[PDB]
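In what follows, a structure is listed as structure tokens, so that the remarks can point back to it.
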Amino acid sequence: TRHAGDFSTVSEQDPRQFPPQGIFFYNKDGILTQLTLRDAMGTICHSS
Amino acid sequence: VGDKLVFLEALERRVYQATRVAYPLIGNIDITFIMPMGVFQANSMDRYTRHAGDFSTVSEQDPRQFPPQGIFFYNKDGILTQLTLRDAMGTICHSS
């Protein structure tokens, strides 16, 4: 991290060390969207 | 204006003057507002803070982790107002 108290949290374990699962980006009009791993269940869960 | 030659009128003294009728072009506009009151983001990754000593307190328990109850917003003239959960006692406590 780049500073000492960057994103502090009351929790004993900071939930920012675990590997991420989703991605966030902007929509066509500027709305927040999300693409988790669950959205890939149509490609990897095939008989192919 | 642009590529035209148009008249410009501000008729207030020739007409609607010293009469009992109001002048048009003074219409109104209705706008609605929406504010959430007691939402609580049930997520460990969203309940964070942007710095180390953001809002320090002498108490042993920071009274900012508990779910809030009211909302704050400005008045028409800039006064602070508050809409607590108690203000909703007239809609949820009905026989409906």
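Quick mapping for you: the protein sequence lines, in order, are chains D and F. Taking PDB author numbering, the leading residue of the first sequence gets 435, the next gets one more, and so forth. Taking PDB author numbering, the leading residue of the second sequence gets 387, the next gets one more, and so forth. Even for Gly, the Cβ is constructed at its ideal location relative to N, Cα and C.
Could you tell me which chain F residues have their CB closer than 8 angstroms to the CB of residue i, listed as they occur along the chain?
{"i": "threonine 443/D", "result": "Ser430, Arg433, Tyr434, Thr435"}
Show which residues of chain D have a CB atom less than 8 angstroms away from the CB atom of residue i.
{"i": "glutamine 451/F", "result": "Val444"}
{"i": "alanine 438/F", "result": "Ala438, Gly439, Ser442"}
Along the chain, where does the beta strand (DSSP E) containing residue i start, and where does it finish?
{"i": "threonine 467/F", "result": "466-469"}
{"i": "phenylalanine 459/D", "result": "458-460"}
May I ask whether a heavy atom of the ligand ZN can be found less than 7 angstroms away from the beta carbon of residue i?
{"i": "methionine 475/F", "result": "Among the ligands in the structure shown, none appear at all, so the ligand ZN cannot be discussed."}
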